[PDB]
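Next up is one chain by itself, shown in structure tokens, the form deposited in one PDB entry.
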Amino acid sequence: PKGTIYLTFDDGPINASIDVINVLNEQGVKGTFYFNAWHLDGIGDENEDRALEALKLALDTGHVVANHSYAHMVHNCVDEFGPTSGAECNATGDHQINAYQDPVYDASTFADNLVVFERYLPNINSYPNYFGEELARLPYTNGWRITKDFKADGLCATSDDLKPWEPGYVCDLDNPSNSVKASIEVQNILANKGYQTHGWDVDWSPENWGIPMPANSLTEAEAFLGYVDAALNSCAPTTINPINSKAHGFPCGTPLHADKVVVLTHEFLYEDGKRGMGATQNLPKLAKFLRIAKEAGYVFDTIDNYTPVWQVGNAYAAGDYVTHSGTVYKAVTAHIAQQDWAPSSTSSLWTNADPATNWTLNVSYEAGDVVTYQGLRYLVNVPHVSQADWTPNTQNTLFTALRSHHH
């Protein structure tokens, strides 16, 4: 194969998710679904009476369910969040304005999302393809938290004033909006809870979200495969338009991203309704795209395999990344994996390479890294691999507390 496509769908579960899933299942393709549980509660202002049926269908036919927050940060679009807020915000179109405010509360709505999933589907954690606690994507934001050395933030994704498609909109990369700054902190909070977050390379979408009837203006399947081709190994998260879709700081050429294209789309574009004739026009586009992409040599996979799962018998070069029991590790030395030598907090073959910033065991720390431990921040003074006896509060040579006189 020439590469791997990760088809990802945002903002379900809604009635239209069932039609999208039915298209995928007809060709055996598995997608990753970034869900918002407010649709299960019936307050997300979509056709969503079949939301629970859509959630069950995704899980029952092998698609990966991931965490997109409870209500897509719409509490930040209105004065008081309630059952009608999704409709109120749809009437203004103001979703991107002040979309992130208090990052601790905003991050907490990812945790709320899981509480609601597990209420509506009590056996959801018996599904191996339920990744709600481990994989996330931030509303509006092409931001990434993959490894300790693979992060990116959408520095123009959300605004304090104008929508990014309005003519007077200005983004200053050196002084981002307060909403952007808050979304960066949200990324960091999730990473410390063990999430990875994934953005996207290409977006099957209207040119910009100010276009009326945005389901009517979707790229044809053949032209869209051309966009996927152009994104392969070209650092598309940094070059994508419009400016609010860019992932600034994305590490071009990073090995984990080689030969991969993450595709974003939204199931609500595949419905005949308020956004246009999306079912009539775009479900055939999606079906055709699956066929022509496979014919061109792409394979489809889900985001849980984007960072490959550690496997007995695999061959790892020094520096290769895996996940093991949901934690990211980096190989210390080239080796062939054996069943009794899995990655761990004490393994000599691996170090923990989670994108988290709390102090953690068995991390390869570099001078200048900042860790949090027992509620205090410390600078790493000298590179080392952390271990249980070298906690920051006990090692003045390795760490300097940001409140110490040694700083």
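Residue numbers run from 1 along the displayed sequence. Under this definition, the rigid core comprises the largest set of C-alpha atoms superposing within 1.5 Å between the forms.
There is another form of the same protein, the form deposited in another entry; it is not shown, and what comes next is about it.
- Residue from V115, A258, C252, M213 whose Cα, after superposing the rigid core, lies 2 Å or more away between the shown form and the other one: Shifted by 2 Å or more: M213 only.
- Query: Does the distance between the two CA positions of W165 reach 2 Å or more between the shown form and the other one, the core being superposed?
  - Reply: Shift of 2 Å or more: yes.
- Task: Classify the change in Cα distance between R137 and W209 in that other deposited form as closer or farther, relative to the shown form (magnitude of 3 Å or more).
- Result: It is farther: in that other deposited form, the C-alpha atoms of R137 and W209 lie at least 3 Å more apart than they do here.
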